[PDB]
Amino acid sequence: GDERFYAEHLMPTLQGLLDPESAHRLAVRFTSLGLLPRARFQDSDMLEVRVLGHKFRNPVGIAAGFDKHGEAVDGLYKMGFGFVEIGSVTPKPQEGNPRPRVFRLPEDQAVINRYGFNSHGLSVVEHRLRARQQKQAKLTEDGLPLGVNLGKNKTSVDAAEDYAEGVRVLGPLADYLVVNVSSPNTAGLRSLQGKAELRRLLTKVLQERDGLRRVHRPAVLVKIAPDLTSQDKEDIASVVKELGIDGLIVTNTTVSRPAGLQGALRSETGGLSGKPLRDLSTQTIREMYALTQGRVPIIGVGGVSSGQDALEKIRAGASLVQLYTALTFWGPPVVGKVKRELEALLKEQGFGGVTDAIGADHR
Ligand SMILES: COc1cccc(-c2c(F)cc(-n3nnc4c3C(=O)c3ccccc3C4=O)cc2F)c1
Ligand SMILES: Cc1cc2nc3c(=O)[nH]c(=O)nc-3n(C[C@H](O)[C@H](O)[C@H](O)COP(=O)(O)O)c2cc1C
Ligand SMILES: CCCCCCCCCCCC[N+](C)(C)[O-]
Ligand SMILES: O=C(O)c1cc(=O)[nH]c(=O)[nH]1
């Protein structure tokens, strides 16, 4: 009912009226005010996952970049997400790139963006999360954890110190932190994925994390690009296991342009998301799971808009999944859709629950 209405009428009309950045801002505003069809899908026990030191009521989260500044967290749980990731947040406020900087590719169910880490900054987000800190503690206890994605300022001279500052300021307010060294829209950022400097970077991040008081000590994950060489992936897997990184987020957007894109805006600079990313991301999950011997939890992200998409990433090795771009084309009803379809498929394929399906393709 709602699914078809949003997919066929409301969302196409919103897109026809509003440029994508304006549409996004509106979406954040409506969500933050709770103006949603409060999801009627009740999460079953077979969607529950225990990972990263926490219970997740369902495995479907909102990816970083939708709520960059932590303004819509409670609205996103109301939408039915099992967990919420905010950010990326940079140490100091910054405006990001000039407009236009986000583009729809409707023929491809894809988006291209070059926001460039527009961020209200750590201090503003810190106070925003503090204002609801105990509400979040209850939510987390009830299986609805919060992640915080950390970025670095454009003019930063020391990337590791930017991330360290983020750990110190928002680590105490997060169930998990993400070190995003994979945005395609900040010069030299991705080069932080190389081995020598990744080890240095992550050693410092983990030191800072370990310095937090026990009840305020988050898991630390690394978010990687889909555009890594085999060498890059081997090196990341090695460092992650060496240092005891708690997990991986796989993947960010791609700077590649797969053959077959039809959208008029396909040659815009930026990271590509949505369906053309889907299988590239799933294969990166598959590879990283194997390289880490299934011992490092993976959050799978890229082009998920159905239960099949979710289950493919779970069977490839993901313990949890996220989506973003599907919201742009399907609206809020897509969250319940993915969860309902995922539950149905798990039953069909003989899994007792999500946990039994994690990494199943490798076995
Ligand atoms: C009353 O019903 C509700 C309730 C809550 C939210 C919404 C809603 C929504 F979920 C997505 C959009 N939306 N349409 N096009 C786009 C978006 C983005 O969010 C977006 C984000 C980032 C890049 C690009 C885009 C983009 O191109 C518009 C909405 F109003 C509708
Ligand atoms: C408009 C937009 C902004 C994004 N901003 C961030 C960000 O700030 N930090 C981050 O780690 N990922 C960011 N992402 C990447 C998403 O978190 C996700 O990894 C990617 O879009 C693939 O998922 P999807 O195909 O479901 O959208 C952004 C994606 C989009 C489309
Ligand atoms: C194998 C790499 C190819 C690039 C990505 C492939 C996209 C698969 C097409 C399914 C998407 C359907 N749609 C509506 C979004 O166009
Ligand atoms: O802010 C952005 O441009 C951005 C950051 C990121 O990590 N990924 C992405 O696609 N865009």
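Numbering, chain A: per Swiss-Prot, residues 32-394 in sequence.
Placement of Cβ uses the backbone N, Cα and C atoms for every residue, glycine included.
Database features, via Swiss-Prot:
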- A95, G96, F97, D98, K99, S119, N180, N211, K254, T282, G305, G334, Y355, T356: FMN binding site (BINDING)
- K99, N144, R145, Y146, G147, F148, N211, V212, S213, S214, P215, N216, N283, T284: substrate binding site (BINDING)
- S214: active site, nucleophile (ACT_SITE)
Distance, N211 (substrate binding site) to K254 (FMN binding site) (CA atoms, angstrom):
5
Considering only the binding-site residues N211, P215, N283, which residue has the minimal Cα-Cα separation from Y355 (FMN binding site)?
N283
Contacting binding-site residues for ligand 2, chosen from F97, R145, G147, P215, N283 when the Cβ sits under 6 angstroms of any of its atoms:
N283
When you measure from the Cβ of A95 (FMN binding site), which residues in the chain that are at least 6 apart have a Cβ under 8 Å away?
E116, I117, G118, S119, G178, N180, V209, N211, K254, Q353, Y355
Using DSSP with the three-state reduction, classify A95 (FMN binding site) as helix, strand or coil.
coil
Out of the binding-site residues I have (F97, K99, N180, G305), which ones have their Cβ sitting under 6 Å from ligand 4?
none
Measure between the Cα atoms of every pair in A95, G96, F97, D98, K99, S119, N180, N211, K254, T282, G305, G334, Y355, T356, the residues the record assigns to FMN, and report the largest value in Å, rounded to a whole number.
20
Anything within 10 Å of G147 (substrate binding site)? Look among the binding-site residues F97, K99, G305, comparing CA atoms, and list what you find.
none
Cβ neighbours within the same chain of the residue listed as 'active site, nucleophile' - under 8 Å, at least six residues apart:
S119, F148, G182, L220, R221, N283, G302
Please list residues from the chain of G305 (FMN binding site) whose Cβ is under 8 angstroms from its Cβ, counting only those at least six apart in sequence.
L136, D139, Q140, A141, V142, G334, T356, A357, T359, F360
Three-class DSSP secondary structure - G305 (FMN binding site):
strand
Which same-chain residues, if any, lie at least 6 apart from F97 (FMN binding site) yet have Cβ under 8 Å of it:
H55, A58, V59, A103, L107, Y355, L358
